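Presented below, as structure tokens, is a lone chain in the form deposited in one PDB entry.
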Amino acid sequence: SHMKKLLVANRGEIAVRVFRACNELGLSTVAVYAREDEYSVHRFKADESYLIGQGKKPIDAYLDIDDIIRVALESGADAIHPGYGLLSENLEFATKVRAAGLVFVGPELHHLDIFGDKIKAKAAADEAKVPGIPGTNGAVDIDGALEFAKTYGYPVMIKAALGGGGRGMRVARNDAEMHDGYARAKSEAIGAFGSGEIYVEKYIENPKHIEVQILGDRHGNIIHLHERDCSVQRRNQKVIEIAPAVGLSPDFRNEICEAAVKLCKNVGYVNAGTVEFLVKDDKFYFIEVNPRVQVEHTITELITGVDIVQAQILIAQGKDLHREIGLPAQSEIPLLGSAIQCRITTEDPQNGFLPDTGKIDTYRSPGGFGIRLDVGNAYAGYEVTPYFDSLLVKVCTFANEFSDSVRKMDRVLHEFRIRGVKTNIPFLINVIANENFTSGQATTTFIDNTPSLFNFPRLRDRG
């Protein structure tokens, strides 16, 4: 009946977060790890740990559906939480997990099918009366894209359907440049995902990347947990996420959250999900839905007081969202404060943001009032391999006023000490020192149009 053992098909800090949620819910936990991930923190943070993908690349080891399912069945896990990334959105993974009889902690399979493709997601937003970005219908060839550029005009944004995390995504304003962008996007789409579905759309200039956290229930209860602002981006990759969007007016934020709720209610969404929007001068446009727990769910947890991962596990258990989990009504969902998220990573801001590798000789972590710490593998003596993502530790500061949250993030970033590997901490310090970020009016072009952000000061570093 009720699940007792839970397996996490992920690594790093998200595995530890789900382990903490399962321990708080009284569920015994099971970890999986690759051979090159043998010294990861998440392996020893679980009750049972099993090696997966023996004789494979570590990324493919974590991506192996059959080995994870075999480990979950041999260990006796009744549920599989996929975390974020890797196989979190994989339709085949969730289908095979539900075929094996296990519980997949995530949305229903039709939601994964709809929101895996950007054309299908845009169509679903159209049936939900959520206005998307004006673009071409479906995925077109190069000449159909050129025709769209003819009728609607430059700029035109070229995005592959399966392109995620800025892989196949590239801007264009000239006809030759648009050919170059289509060529590169086709190469990236065939190489990474094997399907070259490219749709082109009008390029909004200076938008705000607003995203809304949604919790869905199997009974039909769907609530939002306010919105985050992920506008601070370097080359369309999120750097700093703030919540709520203090720059935006509260009524506008309510309209955006209500539109996300309307879309999720039309699709009948269940479990946790994030609806992403682009905001430009009182107009918001739907761009995608992330049907999983996101990396920056922590700041939503801080400003709403709602444990997102615990709610995910209880929804996968089938609990009622209000009666059994105990979440209040949507009008009673509180906005407790204003939180900032920064992921301290190994990529070198003085060396083109390439992920550095090495050994962590010393590691110092702040604490105190208003600080939340979510650490991956960043302990002293840990060897940072090039195999995995550069994420060392997510850190969040929360305060009633956004200015005090900025002050505490500055204190934390100056307090933080990782030596032996080179971090983006000077970059984060420079970004949060900026007045555009401090006023909350940062856009997605804020980083790329600010060369003063890259003037990292000399540090004495004696020792």
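Whichever C-alpha set is largest while still superposing within 1.5 Å between the two forms counts as the rigid core. The first residue of the sequence shown is number 1, and the count goes up from there. Shifts are known only where both forms have a C-alpha.
Absent from the display: the form deposited in another entry. The rest refers to it.
The comparison between this form and the one not shown, aligned on the rigid core, picks out a single residue among 220, 166, 328, 358 whose CA moves by 2 Å or more, and that residue is 166.
For residue 200, the Cα coordinates differ by 2 angstroms or more between this form and the one not shown after the core has been superposed. Positional change of residue 100 between this form and the one not shown stays under 2 Å at the C-alpha, relative to the superposed core.
Remark: with the core as the superposition reference, the CA shift of residue 145 between this form and the one not shown reaches 2 Å or more. Distance between the C-alpha atoms of residue 294 and residue 168: longer by at least 3 Å in the other entry than in the displayed form. Between the C-alpha atoms of residue 237 and residue 141, a gap widened by no less than 3 Å is obtained in the other entry, as opposed to the form on display. Shifted stretches between this form and the one not shown, defined as 3+ consecutive common residues each with a CA displacement of 2 angstroms or more after rigid core fitting, are limited to 134 to 203.
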